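*Asks:* Have a look at this one before I ask anything.
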Amino acid sequence: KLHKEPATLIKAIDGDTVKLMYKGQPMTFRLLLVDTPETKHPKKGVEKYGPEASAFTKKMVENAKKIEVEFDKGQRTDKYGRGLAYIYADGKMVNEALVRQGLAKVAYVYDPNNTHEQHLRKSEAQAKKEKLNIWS
């Protein structure tokens, strides 16, 4: 089973990336299973809804009383050294919240980190049915 662990917000970086203090070590976390429009995209830079996605993630984590990270069953860090996890703010998953608001798309996945793929898929479907942001 997966389990939530405490972490401390250091700095929100992008809609899909936040820096946290985890087990006394500062580290960058990439939100599992979601693709948000980027402000800091390597090529081209800022996309439509990039600033909106970043502000949403930032607002959600900064106003949170408790931040928790939930690693999945596969690899816990990507090739860039970023922790791969589901991030919770006062019990609500940031990953799902972004998708539900149509501020992120469920990323393509096939590796073992897919425990919440179905849950996210359902919220994404709802967001496109309601024609929210990205889905307009």
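Within each chain, counting starts at residue 1; across the structure tokens, chains are named A, B, ... in the order shown, with ligands numbered 1 upward in that order.
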Please give the complete set of residues from chain A that DSSP, run on the backbone, assigns to alpha helix (DSSP H), formatted as a PyMOL selection string.

*Replies:* chain A and resi 50-62+94-100+117-129

*Asks:* May I have the residues from that selection written out with C-alpha atoms, as a PDB file, in the first residue's frame?

*Replies:*
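Saved as again08.pdb:
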```
ATOM      1  CA  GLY A  50       1.117  28.054 -17.811  1.00  0.00           C
ATOM      2  CA  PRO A  51       0.813  31.034 -15.376  1.00  0.00           C
ATOM      3  CA  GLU A  52      -2.645  29.856 -14.296  1.00  0.00           C
ATOM      4  CA  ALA A  53      -1.397  26.328 -13.552  1.00  0.00           C
ATOM      5  CA  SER A  54       1.603  27.714 -11.640  1.00  0.00           C
ATOM      6  CA  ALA A  55      -0.522  30.109  -9.587  1.00  0.00           C
ATOM      7  CA  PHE A  56      -2.964  27.326  -8.760  1.00  0.00           C
ATOM      8  CA  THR A  57      -0.227  24.959  -7.538  1.00  0.00           C
ATOM      9  CA  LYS A  58       1.528  27.789  -5.675  1.00  0.00           C
ATOM     10  CA  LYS A  59      -1.667  28.980  -3.971  1.00  0.00           C
ATOM     11  CA  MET A  60      -2.667  25.468  -2.994  1.00  0.00           C
ATOM     12  CA  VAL A  61       0.681  24.524  -1.404  1.00  0.00           C
ATOM     13  CA  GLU A  62       1.368  27.924   0.213  1.00  0.00           C
ATOM     14  CA  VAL A  94      -2.645  18.679  -5.809  1.00  0.00           C
ATOM     15  CA  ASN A  95      -2.203  16.376  -8.828  1.00  0.00           C
ATOM     16  CA  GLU A  96      -5.948  15.625  -8.984  1.00  0.00           C
ATOM     17  CA  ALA A  97      -6.972  19.220  -8.245  1.00  0.00           C
ATOM     18  CA  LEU A  98      -5.010  20.504 -11.281  1.00  0.00           C
ATOM     19  CA  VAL A  99      -6.575  17.911 -13.580  1.00  0.00           C
ATOM     20  CA  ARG A 100     -10.094  18.541 -12.219  1.00  0.00           C
ATOM     21  CA  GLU A 117      -4.082   6.884 -13.129  1.00  0.00           C
ATOM     22  CA  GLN A 118      -7.742   5.801 -13.164  1.00  0.00           C
ATOM     23  CA  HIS A 119      -8.711   8.369 -10.539  1.00  0.00           C
ATOM     24  CA  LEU A 120      -7.006  11.138 -12.521  1.00  0.00           C
ATOM     25  CA  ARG A 121      -8.510   9.909 -15.800  1.00  0.00           C
ATOM     26  CA  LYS A 122     -12.025  10.294 -14.379  1.00  0.00           C
ATOM     27  CA  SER A 123     -11.383  13.849 -13.168  1.00  0.00           C
ATOM     28  CA  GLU A 124      -9.849  14.781 -16.533  1.00  0.00           C
ATOM     29  CA  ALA A 125     -12.926  13.432 -18.299  1.00  0.00           C
ATOM     30  CA  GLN A 126     -15.130  15.609 -16.083  1.00  0.00           C
ATOM     31  CA  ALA A 127     -12.957  18.662 -16.743  1.00  0.00           C
ATOM     32  CA  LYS A 128     -13.244  18.239 -20.504  1.00  0.00           C
ATOM     33  CA  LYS A 129     -16.993  17.630 -20.245  1.00  0.00           C
TER      34      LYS A 129
END
```

*Asks:* Determine, counting only C-alpha atoms, which protein, DNA and RNA residues have an atom within 6 Å of an atom of residue A:102; residues of the same chain fewer than 6 positions away are not included. Present the result as number ranges by chain.

*Replies:* A: 127, 132-134

*Asks:* Could you work out how far atom CA of residue A:114 lies from atom CA of residue A:75, giving the answer in Å with one decimal?

*Replies:*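 Computing it gives 11.1 Å between the two atoms.
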
*Asks:* Using only C-alpha atoms, which residues sit within 12 Å of residue A:25 once same-chain residues fewer than 5 positions away are excluded, as a PDB file with N, CA and C atoms, in the first residue's frame?

*Replies:*
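Final output, part_11.pdb:
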```
ATOM      1  N   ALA A   7       6.201  16.597   4.761  1.00  0.00           N
ATOM      2  CA  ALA A   7       7.232  17.357   4.059  1.00  0.00           C
ATOM      3  C   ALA A   7       6.951  18.826   4.358  1.00  0.00           C
ATOM      4  N   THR A   8       7.913  19.694   4.074  1.00  0.00           N
ATOM      5  CA  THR A   8       7.735  21.117   4.330  1.00  0.00           C
ATOM      6  C   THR A   8       7.979  21.920   3.063  1.00  0.00           C
ATOM      7  N   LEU A   9       7.037  22.789   2.721  1.00  0.00           N
ATOM      8  CA  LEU A   9       7.184  23.609   1.530  1.00  0.00           C
ATOM      9  C   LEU A   9       8.384  24.536   1.635  1.00  0.00           C
ATOM     10  N   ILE A  10       9.193  24.555   0.585  1.00  0.00           N
ATOM     11  CA  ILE A  10      10.325  25.458   0.524  1.00  0.00           C
ATOM     12  C   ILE A  10       9.941  26.514  -0.509  1.00  0.00           C
ATOM     13  N   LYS A  19       9.485  22.626  -4.656  1.00  0.00           N
ATOM     14  CA  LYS A  19      10.658  22.242  -3.888  1.00  0.00           C
ATOM     15  C   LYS A  19      10.190  22.037  -2.464  1.00  0.00           C
ATOM     16  N   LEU A  20      10.555  20.902  -1.878  1.00  0.00           N
ATOM     17  CA  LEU A  20      10.150  20.578  -0.522  1.00  0.00           C
ATOM     18  C   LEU A  20      11.314  20.120   0.341  1.00  0.00           C
ATOM     19  N   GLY A  83      12.071  14.050  -7.168  1.00  0.00           N
ATOM     20  CA  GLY A  83      11.248  13.040  -6.530  1.00  0.00           C
ATOM     21  C   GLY A  83       9.950  12.945  -7.314  1.00  0.00           C
TER      22      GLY A  83
END
```

*Asks:* Using only C-alpha atoms, pick whichever of A:43, A:92, A:30, A:82 has the shortest atom-to-atom distance to residue A:14.

*Replies:*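 For residue A:14, the nearest of the candidates is A:30.
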
*Asks:* List every residue of stretch 54-91 of chain A that DSSP, applied to the backbone of this structure, assigns to strand (DSSP E or B), and report them as a list in words.

*Replies:*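 Secondary structure check on stretch 54-91 of chain A, strand (DSSP E or B): residues 67, 68, 69, 70, 71, 77, 83, 84, 85, 86, 87, 88 and 89 of chain A.
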
*Asks:* Using N, CA and C atoms, can you export the residues from the last selection as a JSON list (two decimals), in the first residue's frame?

*Replies:*
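Output contents, as saved in selection.json:
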```
[["chain", "number", "residue", "atom", "x", "y", "z"],
["A", 67, "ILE", "N", 1.64, 19.57, 4.41],
["A", 67, "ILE", "CA", 2.01, 19.09, 3.09],
["A", 67, "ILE", "C", 2.46, 17.64, 3.29],
["A", 68, "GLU", "N", 1.97, 16.73, 2.45],
["A", 68, "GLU", "CA", 2.37, 15.32, 2.52],
["A", 68, "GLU", "C", 2.72, 14.82, 1.12],
["A", 69, "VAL", "N", 3.74, 13.97, 1.03],
["A", 69, "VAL", "CA", 4.13, 13.40, -0.25],
["A", 69, "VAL", "C", 3.80, 11.91, -0.23],
["A", 70, "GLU", "N", 3.37, 11.40, -1.37],
["A", 70, "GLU", "CA", 3.04, 9.99, -1.47],
["A", 70, "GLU", "C", 3.76, 9.38, -2.67],
["A", 71, "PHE", "N", 4.80, 8.59, -2.41],
["A", 71, "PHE", "CA", 5.55, 7.95, -3.48],
["A", 71, "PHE", "C", 4.72, 6.79, -4.02],
["A", 77, "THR", "N", 12.57, 8.67, -8.09],
["A", 77, "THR", "CA", 13.24, 9.86, -8.60],
["A", 77, "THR", "C", 13.45, 9.67, -10.09],
["A", 83, "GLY", "N", 12.07, 14.05, -7.17],
["A", 83, "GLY", "CA", 11.25, 13.04, -6.53],
["A", 83, "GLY", "C", 9.95, 12.95, -7.31],
["A", 84, "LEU", "N", 9.44, 11.73, -7.48],
["A", 84, "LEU", "CA", 8.21, 11.50, -8.23],
["A", 84, "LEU", "C", 7.15, 11.10, -7.22],
["A", 85, "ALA", "N", 6.13, 11.94, -7.05],
["A", 85, "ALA", "CA", 5.11, 11.64, -6.06],
["A", 85, "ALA", "C", 3.81, 12.38, -6.23],
["A", 86, "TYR", "N", 2.85, 11.97, -5.42],
["A", 86, "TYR", "CA", 1.54, 12.59, -5.37],
["A", 86, "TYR", "C", 1.71, 13.52, -4.18],
["A", 87, "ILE", "N", 1.36, 14.79, -4.36],
["A", 87, "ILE", "CA", 1.51, 15.75, -3.29],
["A", 87, "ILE", "C", 0.14, 16.12, -2.76],
["A", 88, "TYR", "N", 0.01, 16.10, -1.43],
["A", 88, "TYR", "CA", -1.24, 16.43, -0.75],
["A", 88, "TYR", "C", -1.12, 17.71, 0.08],
["A", 89, "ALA", "N", -2.13, 18.57, -0.02],
["A", 89, "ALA", "CA", -2.19, 19.82, 0.73],
["A", 89, "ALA", "C", -3.46, 19.70, 1.57]]
```

*Asks:* Nearest residue to residue A:6 out of A:115, A:46, A:36, A:91, using only C-alpha atoms?

*Replies:* A:91

*Asks:* What does the distance from atom CA of residue A:41 to atom CA of residue A:27 come to in Å, to one decimal?

*Replies:*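 Between atom CA of residue A:41 and atom CA of residue A:27 the gap is 19.5 Å.
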
*Asks:* Quick one: everything within 7 Å of residue A:47, counting only C-alpha atoms, minus sequence neighbours fewer than 2 positions away in the same chain. Send it as a list in words.

*Replies:* residues 37, 38, 39, 45, 49 and 50 of chain A

*Asks:* Residues of the last selection are to be written out with C-alpha atoms, as a PDB file, in the first residue's frame.

*Replies:*
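Now in selection.pdb:
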```pdb
ATOM      1  CA  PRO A  37       1.426  24.080 -19.422  1.00  0.00           C
ATOM      2  CA  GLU A  38       4.870  25.373 -18.502  1.00  0.00           C
ATOM      3  CA  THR A  39       6.194  28.830 -17.740  1.00  0.00           C
ATOM      4  CA  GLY A  45       9.046  29.043 -22.659  1.00  0.00           C
ATOM      5  CA  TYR A  49      -2.473  28.343 -18.988  1.00  0.00           C
ATOM      6  CA  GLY A  50       1.117  28.054 -17.811  1.00  0.00           C
TER       7      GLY A  50
END
```

*Asks:* Would you please work out which residue, of A:90, A:130, A:5, A:72, is nearest to residue A:23 when using only C-alpha atoms?

*Replies:*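 Smallest distance to residue A:23 is found for A:5.
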
*Asks:* Kindly give the distance, in Å, that separates atom CA of residue A:80 and atom CA of residue A:63, rounded to a single decimal.

*Replies:* 27.7 Å

*Asks:* Name the closest residue to residue A:113 among the candidates A:66, A:11, A:1, A:76; distances are taken between atoms, counting only C-alpha atoms.

*Replies:*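 Closest candidate: A:76.
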